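# model the structure of this input:
(chains A, B, C, D, E, F, G, H, I, J, K, L, M, N, O and P, ligands or ions: 7)
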Amino acid sequence: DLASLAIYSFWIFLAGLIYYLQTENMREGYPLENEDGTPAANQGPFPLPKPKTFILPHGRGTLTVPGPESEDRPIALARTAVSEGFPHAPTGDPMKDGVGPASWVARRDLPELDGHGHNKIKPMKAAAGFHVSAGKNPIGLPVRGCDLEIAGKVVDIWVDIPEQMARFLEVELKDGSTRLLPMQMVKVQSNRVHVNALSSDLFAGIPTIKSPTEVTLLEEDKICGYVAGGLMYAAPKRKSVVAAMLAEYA
Amino acid sequence: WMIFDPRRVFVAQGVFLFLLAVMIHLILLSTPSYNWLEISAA
Amino acid sequence: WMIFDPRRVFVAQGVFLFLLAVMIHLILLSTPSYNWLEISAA
Amino acid sequence: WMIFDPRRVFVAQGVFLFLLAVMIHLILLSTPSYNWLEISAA
Amino acid sequence: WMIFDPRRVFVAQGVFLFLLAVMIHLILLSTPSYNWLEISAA
Amino acid sequence: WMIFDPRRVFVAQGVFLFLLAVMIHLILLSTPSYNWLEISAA
Amino acid sequence: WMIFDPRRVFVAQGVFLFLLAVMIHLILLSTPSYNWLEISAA
Amino acid sequence: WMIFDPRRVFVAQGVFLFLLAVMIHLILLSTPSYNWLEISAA
Amino acid sequence: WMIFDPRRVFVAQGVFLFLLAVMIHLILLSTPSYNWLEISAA
Amino acid sequence: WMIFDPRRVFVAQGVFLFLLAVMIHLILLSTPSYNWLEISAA
Amino acid sequence: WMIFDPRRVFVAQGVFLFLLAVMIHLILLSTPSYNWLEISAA
Amino acid sequence: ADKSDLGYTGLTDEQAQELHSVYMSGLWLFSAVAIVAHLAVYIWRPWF
Amino acid sequence: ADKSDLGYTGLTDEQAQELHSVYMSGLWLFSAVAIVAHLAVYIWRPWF
Amino acid sequence: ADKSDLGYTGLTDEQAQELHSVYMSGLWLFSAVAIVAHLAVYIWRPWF
Amino acid sequence: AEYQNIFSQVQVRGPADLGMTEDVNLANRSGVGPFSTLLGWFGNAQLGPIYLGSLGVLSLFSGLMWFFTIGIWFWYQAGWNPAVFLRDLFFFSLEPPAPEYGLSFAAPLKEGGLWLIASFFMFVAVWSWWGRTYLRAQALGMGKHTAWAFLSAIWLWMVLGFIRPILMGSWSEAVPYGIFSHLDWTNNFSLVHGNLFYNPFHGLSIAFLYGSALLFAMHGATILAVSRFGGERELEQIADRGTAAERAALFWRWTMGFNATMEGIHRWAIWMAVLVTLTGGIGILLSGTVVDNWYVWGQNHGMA
Amino acid sequence: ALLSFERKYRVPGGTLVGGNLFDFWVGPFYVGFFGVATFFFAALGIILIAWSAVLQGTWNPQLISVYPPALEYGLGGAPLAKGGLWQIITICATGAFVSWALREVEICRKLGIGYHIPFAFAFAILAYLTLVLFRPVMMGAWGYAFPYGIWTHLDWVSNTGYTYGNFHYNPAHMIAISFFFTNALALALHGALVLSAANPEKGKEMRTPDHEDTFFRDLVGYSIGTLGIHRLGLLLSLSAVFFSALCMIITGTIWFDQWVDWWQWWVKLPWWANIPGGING
Ligand code: BCL
Ligand code: BCL
Ligand code: BCL
Ligand SMILES: CC[C@H]1c2cc3[nH]c4c(c3C)C(=O)[C@H](C(=O)OC)c4c3nc(cc4[nH]c(cc(n2)[C@@H]1C)c(C(C)=O)c4C)[C@@H](C)[C@@H]3CCC(=O)OC/C=C(\C)CCC[C@H](C)CCC[C@H](C)CCCC(C)C
Ligand SMILES: CC[C@H]1c2cc3[nH]c4c(c3C)C(=O)[C@H](C(=O)OC)c4c3nc(cc4[nH]c(cc(n2)[C@@H]1C)c(C(C)=O)c4C)[C@@H](C)[C@@H]3CCC(=O)OC/C=C(\C)CCC[C@H](C)CCC[C@H](C)CCCC(C)C
Ligand SMILES: COC(C)(C)C/C=C/C(C)=C/C=C/C(C)=C/C=C/C(C)=C\C=C\C=C(C)\C=C\C=C(/C)CC/C=C(\C)CCC=C(C)C
Ligand SMILES: [Fe+2]
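Numbers count the residues shown, from 1 in each chain, chains lettered A, B, ... in the order given. Ligands and ions are numbered 1, 2, ... in the order given. Below is the structure:
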């Protein structure tokens, strides 16, 4: 063509591509809301778009997104600063009202579905696919919490197929009332486990999975969020915790 | 069905007479022969 | 029943008329032997 | 068997011919002597 | 929603009219005739 | 079974008239000895 | 209504006119006619 | 057995001596040595 | 009201002016023709 | 058990010597002197 | 304590005087026309 | 004390004895007092 | 709790309180100055 | 627990003992300290 | 032999399962590929299956005689010994018809011969593997975007030795074949055209390869970082927003000054994609029929 | 301003020993303890584009230059705009690289998202260092460095980049390119591995990670899953730098000679030693 032409169909057709792209990343989350439930300051120079129709993978409805954004779930932060900016603090203990570092959400009562007609995440006593029948095999060992004391005993694995993976490590209590705990934080070396998140006397505060085989998408929010609750506060202030929570490497 | 309608047959009917129209106008102006909007002195 | 039909007719219809003409345009547009718009006076 | 039929019947007909034709229709025009559309002239 | 109010005028609009002002100046302050700042002596 | 019956003779045979054929076409075309289309005036 | 201050008017909004003021005190010093205190030696 | 009977004989007919003959022809035609069919003109 | 008094009223003025004074010195040092030590080096 | 009777001696043995003969032929064949298929003419 | 004594000024002011110490070591120990310990050779 | 709805916060008189009492410090010491700096400016030196 | 359906706000009668306090009069005198601080500048300095 | 009125926190009487002793004193302990220090700054060295 | 269960990952293998069925095929995909169970506790461990139809093996063959044509021009000078071959597996060379030949395929085997075959076959290998990513997203019910970052990728392949060396007319105007021969060629298009720094079309394509690592240094970080929660499952985090759009969607807005939708984080990542070899194909279709010496471009459209 | 769900997440702390003295959320941005630090670093840094705009020459960041010191002045300083003033820009740059990757921890410890992010900028901390610290401390003086510009360090890398012949013969460089073109090799299918299921062509039911296992196993014979390509983006994008900081930690300081002369250490072998074969022969 010429020496001065083509750089202009670009300073224009793309000079609004940070503009068109940003809104497409500003679907979820927006609109902006204040610290109570209020049409907030604004949105930005790239305001949120009015959503298109969303078809769901296993007939879960006309869930358009951005979707539910209001105040369905319970929140409990005592507003320290009524002015918008300065943070807020929970009522009693922050690991009971569910506010701060430990987050969850209320969803519909249909768990994540694949395509076989069955659910996603099941234990090893819900899939006789791979077993134990050679030598001595380790699925059943004692554990330890962040308080540096024994916490329970894990003797099972929640299996995966499409990813061939794992998501939880189930703990047999003295009783049997169900409990749960994430997968990536873990740091196991020899013959005993060490978790560095929650103390060994705060594991019952983790909800019993309504079913020991099923994880509904409603439940999969606090169950992998309570450990994040103990990654912020824990732990004031003096002595052993200073030689436990800090330092380290990995 | 087929493709988007309340999405694709309207807001994309612009680049039909924009991106196409612009990079065809650009050439027929910068040509030594055309100009047309340059002839005045005579 | 192996591939597609609905997609090819509204969007993949282009790789038959446009991206077969718009590239073959600038070929016979640059040719002196035709010109039409480059006729003017030569 | 191993395969169906009545869908790729419009794409083995519509554009399949030109995949062969586009790589063969232009091994001939390169000669300044032939052309048939350029020489029918002066 | 869509368009709120009470935040844009404090930190954004003050630098929108200013942004609409800035890409205008450095050409009319530097045109072959205008300028109107540096030249006041001769 | 396995050997594509209503396929390999319909589509894979429709392209082996291009896989076996045209790879040897673009060699004996510009061969001066045969020519048969490139003799010209001398 | 709405909007916030007790946080903004102490460490936030102060760098808005500061984003407007000191960004142009420099410029009135670059010019070799205005300057207002630069050209002193000569 | 150990290799498929009704599969690797109908479709392997053109992958066995086709990865093989395509690179045995290019040597018995290493040019300036043979000809025999390129002698026509000369 | 609100904001801070035992927290953020003796520190929103310490490194804030250090963020507005001591780094503002680097403008009156970006000079080497004035300058309170580079006058001789001219 | 231990030694393959079905697999290795039928399908993995046809590639045992294949590994040993295909790369070993491409050394002794077409040397500018020996050849025994090229110099049968020169 | 209004200001924080064993925090903002016991290891955070020892580097606050370290803040204005060595950055100027690369201006005054610098300067293209001073030195007065380096040029003991020219 | 927590809030819920539009448009708190807000609100009052956390808006009356607060927001009215600090914003004009940024909208006068820089609105009309900024035209008091215009003193040694409007004459020095647009006219040479 | 937040709000209900489209739009809120909205709303009738809540479309003219904050979309008309610094969005209508903060633009009309901005346009008046686009007429006032422009017509006195419609003459200098085109003509020398 | 958090309270209610204007404004918290806090903390009456601390509108003239907190927001005037370390807030309005800044309009003095440097604002006027500028005016005296500028008598040794304004003339060095804008005049060569 | 048993598969074990070690300490901290963890894993469980998979028996006999594939994927989905609709518009694909049944009696074409071969036997269940043997599983590489060798410390496969990190990622996955599963070989097969594979759509081995004529829409894929047309590239296995057309790539192979792209693989063997420069191959029988990589043994041609050695001395007919296996010593010099792997010795100069790179020092060997092969160039197309000369900078004076061009439009005629009359060239024999020697001076510039075994260039005319490798690409000719490769031509229906690349182009028959543009459509092993474009129609296997149709065998189910997905999209076409996977080969629309590929039509942009074969936009740089649309100029090098295709569109420019035919309009202009020569085969040296295409890329030599080897493993170093073209490295003594990537710096050729540099200096002959007066250095391509003031050529901000070749340079913005650069500028679109310096945003592949400003966009995947952190995606590979945070999706591995919000995975303790549930951000690894990228097929249930968008329309049913989980807490992974809460540890990763408050994390970046606070930081750099904006976040993104679980779907929109794949809208920029394919916008620093269909714009790399696309702004490369233009900035190399603008180099050879616009202004060669780009130093005599970037001082008349740059400083002047 | 804050998001709708940004309600429960608001909690003070995150910072270490001292208190919540610096952690005030100025707008959409985080001003933790390293927040006002970067406020101190970003304010002085805009002036560093404007300083040598009156000492070196031009006022436009097109040719603005604060050059690195000379090669031989020793373990010390420099002139000014030609080193001395250059010597001040770095500890802000790097002092601002640091106050950013570590102000993230005041959010990392604040909530509970992982500490693999104070890290993916630390291959950028270990990639800009190899041009400002790793090199010019040993070969003589701080004179072995690049300029900060956007068109100055351009004509510094090319027409001044053939000191080692060609840099393609530089094997790790070329392996740190056997690592780089592979970054958008695996962003191009992964940035499109979540796009076209709710938007298939228009209307169709959404796909799950079993269609992913009939599209990519129907692609290129390897399906490490969906967590094998975020272990396949953080494998494309951090390491093309340690194979380049190793392409240069033994280049110039040990090999300031032709790296085109490195590919004669390969042809020297007792077997084919005294033998010219092909091209070479
Ligand atoms: C003097 C030095 C110049 C310079 C000289 C040049 C020259 C000359 C060129 C470039 C070009 C480019 N430069 Mg530069 N470049 C400079 C600086 C840089 C720097 C840097 C130092 O930061 C980098 C990283 C680069 C790298 C780049 C790229 C951004 C760009 C070409 C992209 C590419 O390689 O696509 C390559 C990808 C393809 C071609 C597509 C490949 C896909 C194919 C089609 C698929 C094949 C199918 C096949 C069958 C698959 C088989 C696989 C089997 C299954 C195994 N340049 C300086 C300023 N650079 C090139 C360009 O195009 O400019 C815009 C170019 O020619
Ligand atoms: C490593 C070999 C060469 C080199 C090879 C190349 C090549 C090739 C390219 C660049 C380009 C650039 N280089 Mg470099 N570059 C070098 C040294 C560096 C260093 C460093 C200090 O180590 C950094 C941080 C950078 C990064 C930069 C950017 C300034 C610029 C665009 C980056 C981009 O688009 O990708 C993603 C990065 C971003 C999106 C970040 C944005 C970077 C911007 C442009 C820099 C901000 C400065 C800004 C103007 C100042 C504002 C301050 C105040 C607000 C006034 N380079 C060395 C000397 N660099 C590209 C270019 O041409 O620029 C347009 C380009 O093609
Ligand atoms: C003679 C031409 C040579 C050549 C000249 C050079 C030179 C010179 C260099 C390299 C370097 C490299 N080359 Mg080389 N190179 C060639 C062409 C290429 C091509 C190509 C395909 O053309 C590629 C892919 C490469 C790739 C490589 C890598 C091996 C290596 C890059 C290291 C690096 O950048 O990390 C460094 C990473 C960073 C600098 C990022 C750090 C991020 C920091 C912390 C953040 C900055 C923030 C910024 C200031 C703010 C801007 C944002 C604003 C706010 C908007 N080169 C040819 C062969 N190449 C470099 C090298 O090997 O040394 C390490 C180098 O110096
Ligand atoms: C292998 C590591 C790769 C990488 C990773 C990476 N970069 C990252 C991050 C990560 C994980 C971030 O999290 C952070 C980010 O915000 O996301 C984009 C970032 C970032 N990468 C950026 C740029 C960048 N990264 C680059 C490269 C890379 N980043 C590598 C390829 C490059 C190039 C092309 O080399 C550039 C230009 C920033 C946008 C951002 C860093 C944010 C930050 O830390 O800000 C601190 C800076 C200040 C507070 C300003 C103060 C500095 C002074 C005032 C002036 C500085 C002088 C200097 C010379 C600047 C000149 C810039 C150019 C002219 C060179
Ligand atoms: C946006 C630009 C980025 C990009 C995009 C991109 N690359 C892509 C794609 C996209 C969208 C694909 O869709 C396609 C793909 O499928 O990815 C896996 C691809 C691809 N990019 C690739 C590489 C690649 N990426 C590159 C870079 C980039 N690509 C940029 C980063 C480059 C450069 C820099 O040039 C290259 C070379 C491939 C991994 C893949 C191309 C797939 C393909 O076309 O191959 C076809 C298959 C064959 C040719 C098989 C033949 C194998 C050999 C040729 C024969 C020898 C072996 C054989 C086994 C002999 C043994 C005998 C046996 C029978 C026993
Ligand atoms: C032991 O060794 C054996 C026996 C196995 C053989 C080994 C062979 C070897 C050494 C193979 C090596 C292969 C390698 C590594 C090749 C490397 C290639 C590289 C690095 C780059 C190649 C890039 C591709 C290029 C330059 C192709 C360009 C071609 C085009 C852009 C279009 C070409 C189109 C043409 C020629 C027109 C043809 C089409 C029509 C319609 C006529
Ligand atoms: Fe992804």
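# show me what contacts the residue in chain L that ligand 4 sits nearest to?
Using Cβ to the nearest ligand atom, residue L:26 is the residue of chain L that sits closest to ligand 4, at 26.0 Å. Where you see a C-beta, it was placed from the backbone N, CA and C, and this is true even at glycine. Shown here is residue L:26, whose contacts under the criterion Cβ atoms under 8 Å, 6 or more residues apart in numbering or on different chains are G:9, G:13, G:14, G:17.
# repeat that for residue A:119.
By Cβ under 8 Å, 6+ apart, the contact list for residue A:119 reads A:111, A:112, A:113, A:214, A:215.
# once you drop chain neighbours, what's closest to the third one?
When you say that, I think you mean residue A:113. The shortest distance from residue A:113 to any residue other than its chain neighbours is 4.0 Å, reached at residue A:58 (Cβ to Cβ, 6 or more residues apart in numbering or on different chains).
# any idea how far residue E:27 is from the residue of the stretch 51-200 of chain P found nearest chain M?
Using Cβ to the nearest Cβ, the closest approach of the stretch 51-200 of chain P to chain M is made by residue P:198 at 23.2 Å. As for residue P:198, its distance to residue E:27 is 47 Å (criterion: Cβ to Cβ, to the nearest Å).
# ok, residue P:114 to residue A:160 distance?
As for residue P:114, its distance to residue A:160 is 21 Å (criterion: Cβ to Cβ).
# do residue O:277 as well
Separation of residue O:277 from residue A:160 (Cβ to Cβ): 37 Å.
# name the element the residue lying closest to residue O:259 once chain neighbours are set aside belongs to?
Once its chain neighbours are removed from consideration, residue O:259 has its nearest residue in residue O:253; the separation is 4.2 Å (Cβ to Cβ, 6+ apart). Using DSSP states H and E, residue O:253 falls within helix O:251-255.
# report all helices and strands that that helix contacts.
In terms of contacts (3 or more Cβ pairs under 8 Å, 6 or more residues apart in numbering or on different chains; DSSP states H and E), helix O:251-255 is packed against helix P:105-108.
# which residue ranges form the helices in the chain?
All of this is about chain A. Remark: helices of chain A, listed N- to C-terminal, are A:18-25, A:226-229; assignment by DSSP state H.
# wrong one, chain B
Under the criterion DSSP H, helices of chain B are mapped to B:19-30.
# that older thread, which of the contacts of residue L:26 are buried?
Neighbour-count burial (16 or more other Cβ atoms under 10 Å in any protein chain shown) applied to those gives G:9, G:13.
# closest approach to chain I from chain A, which residue is it?
Among residues of chain A, the one nearest chain I by Cβ to the nearest Cβ turns out to be residue A:83. It sits 5.3 Å away.
# rewinding a little: was I right to think the residue of the stretch 51-200 of chain P closest to chain M contacts residue P:206?
Yes: counting by Cβ atoms under 8 Å, residue P:198 touches residue P:206, with 4.9 Å between them.
# the closest residue to chain P within the stretch 151-300 of chain O: how many residues sit nearby?
Nearest residue of the stretch 151-300 of chain O to chain P, counting by Cβ to the nearest Cβ: residue O:220, 2.4 Å away. Residue neighbour count, defined by other Cβ atoms under 10 Å in any protein chain shown, stands at 25 for residue O:220.
# quick one: secondary structure of it?
When classified by DSSP: H, G, I helix; E, B strand; the rest coil, residue O:220 comes out as helix.
# list the contacts of it.
For residue O:220, the contact set (Cβ under 8 Å, 6+ apart) comprises P:120, P:230, P:231, P:232, P:233, P:234, P:235, P:236, P:237, P:238.
# looking at the residues you listed, which one is closest to chain E?
Of all the contacts of residue O:220, chain E sits closest to residue P:120, with 31.0 Å by Cβ to the nearest Cβ.
# ok, that closest one - contacts?
Applying Cβ under 8 Å, 6+ apart, the residues contacting residue P:120 are O:217, O:218, O:220, O:221, P:234, P:237, P:238.
# next, count neighbours for the nearest residue to residue P:7 once chain neighbours are set aside.
With sequence-adjacent residues excluded and distances taken as Cβ to Cβ, 6+ apart, residue P:7 is closest to residue A:75, at 5.7 Å. Other residues within reach of residue A:75, judged by other Cβ under 10 Å, total 16.
# same question for residue O:104.
Using other Cβ under 10 Å, residue O:104 has 12 other residues around it.
# and residue O:91, by the same measure?
Look at residue O:91: counted by other Cβ under 10 Å, it has 22 neighbours.
# then residue P:11?
When counting by other Cβ under 10 Å, one arrives at 20 neighbours for residue P:11.
# same question for residue B:10.
Neighbour tally, residue B:10, other Cβ under 10 Å: 10.
# does residue O:283 touch residue O:205 like I think?
Yes: assessed by Cβ under 8 Å, residue O:283 is found in contact with residue O:205 at 5.4 Å.
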